[PDB]
Ligand SMILES: Nc1ncnc2c1ncn2[C@@H]1O[C@H](COP(=O)(O)OP(=O)(O)OP(=O)(O)O)[C@@H](O)[C@H]1O
Ligand SMILES: [Mg+2]
């Protein structure tokens, strides 16, 4: 009965169709209040723009007819008699229901009935401006349900064309247009159709139902039925309706039910026409104080896009914010940054992040909403931007609504997702171009170039001055960069950096990192004596020139990309690592990764410490080499042959650590480990993010822990937070861990003067890798800037992008009854590759990280054997087994790992964790070796010698049977390969198999 009542009241009052059941309840409970919630006022603004309490009041007069109040009085008088006239609870309940449907305000005095609400809404509408008079384009018959079919790429602009016929009229909203989706409910479509057909309106408006093919079967059927019913009853005969669908889905329910109404003249408009339309409808009057006053013809909506990453979108938004703070002459201008991370845009989260700004203090104050559409977002962008920028609205299932205010400036930072034209082209677009294009093409705020705050910054100036005096072969000995000084032009700086960057078409991020490295190095130089007219005299000549020529190479190592559908790796060992540091003491200089050798040419060259091959030549002159030798600078050192404590001292010196305490005597401080530690520390110092790619077990966690402990010096303090990222990891979790790490770093820095390290293990195993990109590159958390001067350092670990062998893939597809889904129907995939065919379940890397990722290196057989020996010795320390047993275990486990590595058709992943697991199994069997062997002898005696068994070898055989044997299908080959390392008579595969089988039989017995 109440559903029929609401349908009748909607047919009676037209504006009740602007809102749903819950929204109507909210308005009923809120309109009577004083003042109504800002949310309700916004919801009403979709009828009477800029609705205020005064307007709601002026509309509230005339609604309370004393006829309705007379109904209220007679109800409040009769209801008790009607109740006592009945005795059955059900009868009283029915009477109460009926009397509430007749007069609700009697029961609920703090609420408005549907009649009063409809009247108030109609009054508000009349209190508004002139109505909207839209005329359908040609090919669409007024009074008929014009069905337009087209391509997805044209579904949105087509609708737009329908509303450009009358461009003078304002842009539509949810009242007219509805972007259908599979989750769209019948209520929204019903309200749309009722608004289209029901009578009571004050103008002629078009009503569009876009992507109708996406509506569910039930919803489409209900919409058709409701449309027919509305057509039967009293309605609008000149109703302008459009129904757009995807030609690829013209076979669904709704496009079919109106197939007879299909239209062949699909509306279309030139991109320039749409541009002018949207621009004129976004332009803010000079009198309306808006954030748009500083954006491209006073436009309230903008797009900052780029073909690639690291080009200046967020920087453009920041400079805009600064321009607004400086121009509008207001003390504060909010800047709300919204990061979209979900692959499918979640409009609910954006609406929640926006709601706080519905307050009245913001409805007339400039604001800058910075919507960042990350690379993770794949579907839902066009619909979202159409809803928020053209339809200027957002909504949720609850009922809350958000309206786009012209006083606010919406800026979308999106990477071009490359029809005749792209969607984003319709909006006012600012295309940020990289340096190469910036120097080739070139002022125009639509095509920005090289910022001035950066060009005038030390980071870009000191390297620039040095390189400028370098290419001109000027005397760098006397030159000294003056703080704040500025020279040259952005063009020369760009040219020099591109010449020395080591990259063909770099981004602004790569160039910034190169500049930061060079600047940090040259500054740590100038702070020393070697490059000073005093403390030496003229002993060191060309020192600055050598420093530059070598730091360019160091930066080629620290900045050039290491990654190049799934092809992403170059390697770590294939590249040298010539590192030169200026120690914090300002007295010593550390050299590592290369050896300086003179030659016949009276020059000096850098050669690999391992191969002796030349890395680069003419790095310096023989005179400078001899001078630095006189200065006792370490050259051609072999850190591998040094003592442990000497290595620790040199390392803590380079890192500026004064103490030299070894926190872990087991960690081998080979040259490569120290080089990696120094790379991380340099990236921390110069400000470059640290994103490391390495297999599990390559030694990254251990290295990071060692570095943290070493910088600790023993001081008890949680200076490291190791967050293990998994598929279930979310953005909020990452932000929370980052904030916790920030607080901890503040505490540690103000107590012990230490630096905290937040490490992300397996970062690329979640869809929230964009949050990590923000924490590292953007230096922000959920839109909030990370507090500098916190001593916090972030590290990210990304697993490799590998694919199982075709043989292993076929073996898995053939397991059991095979995968329930096919490799074609799988929704989980990294583009075209199903995630189930990758070794590591990883997700695409944000483009801004790929140039930063580098390889930690694959564990060499030597390191594998050393770690295995360490594990077996740690075991011996408890089980107390002889040396022969240790040797046998080490050999058998190394051989097992080698076999599983060779067997790329059965195993594509090998790590030390499997070794630890096999050791744990061996220990378990050893502890139970006595009882197990006794029961085994008993079980063998029952069913039929003794053949005494060594508990160690027996346990090891069972452990190999559990870990490797069982999983394998080539068990015979594995046994043949592994028995060689077994003592006698256990060097026979058949004996391994027999012992495994006997243990299994015992267990099953
Ligand atoms: N003229 C410039 N344009 C852009 N960036 C510059 C410029 N000069 C220096 N930089 C540095 O380059 C970096 C550019 O980062 P930016 O915020 O533009 O990335 P982005 O455009 O958001 O890319 P993505 O959205 O893919 O991360 C900044 O950290 C900035 O310090
Ligand atoms: Mg950005």
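Numbering (the entry's author numbering), first residue to last: 1686 to 2103, 2119 to 2142, 2147 to 2268, 2291 to 2670, 2674 to 2734. No residue lacks a Cβ here, since even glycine has one placed at the ideal position from N, Cα and C.
Pair within 8 Å by beta-carbon distance, residue i and residue j
i	j	result
residue 1929	residue 1875	no
residue 2165	residue 2191	yes
residue 1825	residue 1948	yes
residue 1694	residue 1783	no
residue 2503	residue 2574	yes
residue 1642	residue 2482	Residue 1642 is absent from the structure shown; the chain starts at 1686 and stops at 2734.
residue 2304	residue 2328	no
residue 2363	residue 2307	no
residue 2494	residue 2456	yes
residue 2163	residue 2236	no
residue 2302	residue 2341	yes
residue 2095	residue 1985	yes
residue 2062	residue 2097	no
residue 2087	residue 2040	yes
residue 2168	residue 2205	no
residue 2093	residue 1976	yes
residue 1955	residue 2013	no
Residue range of the unbroken beta strand (DSSP E) whose run includes residue i
i	result
residue 2524	2518-2524
residue 2333	2329-2333
residue 2723	Unbroken run through residue 2723 is the alpha helix (DSSP H), 2718-2733; no beta strand (DSSP E).
residue 1871	Premise fails: residue 1871 lies in the alpha helix (DSSP H), 1871-1882, not in any beta strand (DSSP E).
residue 2143	Note on the chain: consecutive modelled numbers read 2142 then 2147, so residue 2143 has no coordinates in the structure shown.
residue 2129	2129-2131
residue 1931	1925-1931
residue 1893	1891-1895
residue 2305	2305-2308
residue 1861	It is not in any beta strand (DSSP E) - residue 1861 carries neither H nor E in the DSSP assignment.
residue 2057	2052-2058
residue 2324	2321-2324
Limits of the alpha helix (DSSP H) - the one that residue i falls within
i	result
residue 2146	Here the chain breaks off after 2142 and picks up again at 2147, leaving residue 2146 without coordinates.
residue 1910	1902-1917
residue 1711	1706-1716
residue 1727	1723-1730
residue 2680	2680-2689
residue 2069	2066-2070
residue 2618	2609-2628
residue 2587	2587-2605
residue 2739	No answer is possible for residue 2739: it lies beyond the span of the chain, which begins at 1686 and ends at 2734.
residue 1693	1687-1697
residue 2253	2247-2263
residue 2096	Where residue 2096 is concerned, there is no enclosing alpha helix (DSSP H), although the beta strand (DSSP E) it sits in stretches over 2093-2100.
Ignoring anything shorter than 4 residues, give me the alpha helix (DSSP H) runs that lie fully in the segment 1941-2024, in order along the chain.
You should have 1956-1967 and 1998-2012.
Where are the alpha helix (DSSP H) runs, 4 residues long or more, that stay fully inside the segment 2151-2222, in chain order?
Entirely contained in the segment 2151-2222, the alpha helix (DSSP H) runs reaching 4 residues are, in chain order, 2156-2159, 2162-2175 and 2194-2204.
Can you list the residues near ligand 2, meaning Cβ strictly closer than 7 Å to any non-hydrogen atom, in the order they appear in the chain?
For ligand 2, the selected residues are 1998, 1999, 2057, 2098 and 2504.
State whether the segment 1709-1719 contacts the segment 1889-1905, with contact taken as three or more CB pairs (one from each stretch) at a distance under 8 Å.
Two segments are said to touch when three or more pairs of C-beta atoms, one from each, lie closer than 8 Å; by this definition the segment 1709-1719 does not touch the segment 1889-1905.
May I have a chain-ordered list of the alpha helix (DSSP H) segments no shorter than 4 residues that lie completely inside the segment 2387-2472?
Fully enclosed alpha helix (DSSP H) runs of no fewer than 4 residues occupy 2397-2412 and 2426-2438 of the segment 2387-2472, in order along the chain.
Are the segment 2571-2587 and the segment 2650-2664 touching, with three or more C-beta to C-beta distances below 8 Å?
As far as the Cβ criterion goes, the segment 2571-2587 does not touch the segment 2650-2664, which means the pair count is below three.
Tell me whether the segment 2563-2581 and the segment 1984-2001 touch, counting them as touching only if at least three CB pairs, one residue from each stretch, are closer than 8 Å.
Result yes; three or more Cβ-Cβ pairs closer than 8 Å.
Counting Cβ pairs, one atom from each stretch, are 3 or more of them under 8 Å apart for the segment 2608-2627 and the segment 2701-2721?
The segment 2608-2627 vs the segment 2701-2721: in contact.
Fully enclosed by the segment 2479-2551, which beta strand (DSSP E) runs are 3 residues long or longer?
Listed in chain order, the complete beta strand (DSSP E) runs (minimum 3 residues) inside the segment 2479-2551 are 2482-2487 and 2518-2524.
If we count Cβ pairs, one from each stretch, closer than 8 Å, do we get three or more for the segment 1774-1788 versus the segment 1744-1752?
The segment 1774-1788 vs the segment 1744-1752: no contact.
Across the segment 2435-2454 and the segment 2488-2501, are there enough close Cβ pairs to call them in contact, namely three or more that are closer than 8 Å?
Output reads yes: the segment 2488-2501 touches the segment 2435-2454.
Is the segment 2188-2202 close to the segment 2029-2039, with three or more CB pairs under 8 Å?
These segments do not touch.
Continuous alpha helix (DSSP H) assignments of at least 4 residues falling wholly in the segment 1773-1845
Entirely contained in the segment 1773-1845, the alpha helix (DSSP H) runs reaching 4 residues are, in chain order, 1774-1787, 1789-1792 and 1799-1812.
I'd like to know if the segment 2333-2353 and the segment 2238-2254 are in contact, where contact means that at least 3 CB-CB pairs between them fall below 8 Å.
Yes, the segment 2333-2353 is in contact with the segment 2238-2254.
If we count Cβ pairs, one from each stretch, closer than 8 Å, do we get three or more for the segment 1905-1913 versus the segment 1721-1737?
Taking 8 Å as the limit for Cβ pairs, the verdict is that the segment 1721-1737 does not touch the segment 1905-1913.
Does the structure place the segment 1959-1967 close enough to the segment 1871-1890 that three or more beta carbon pairs sit under 8 Å?
Because the criterion of three Cβ pairs below 8 Å is not met, the segment 1871-1890 and the segment 1959-1967 do not touch.
I want to know whether the segment 1996-2013 touches the segment 2053-2061 - three or more CB-CB distances under 8 Å.
The answer is yes - the segment 2053-2061 touches the segment 1996-2013, with three or more Cβ pairs under 8 Å.
Cβ pair count under 8 Å reaching 3, the segment 1813-1820 against the segment 1845-1864
Counting C-beta pairs with one atom in each stretch, the segment 1813-1820 and the segment 1845-1864 have three or more that are closer than 8 Å, which means they touch.
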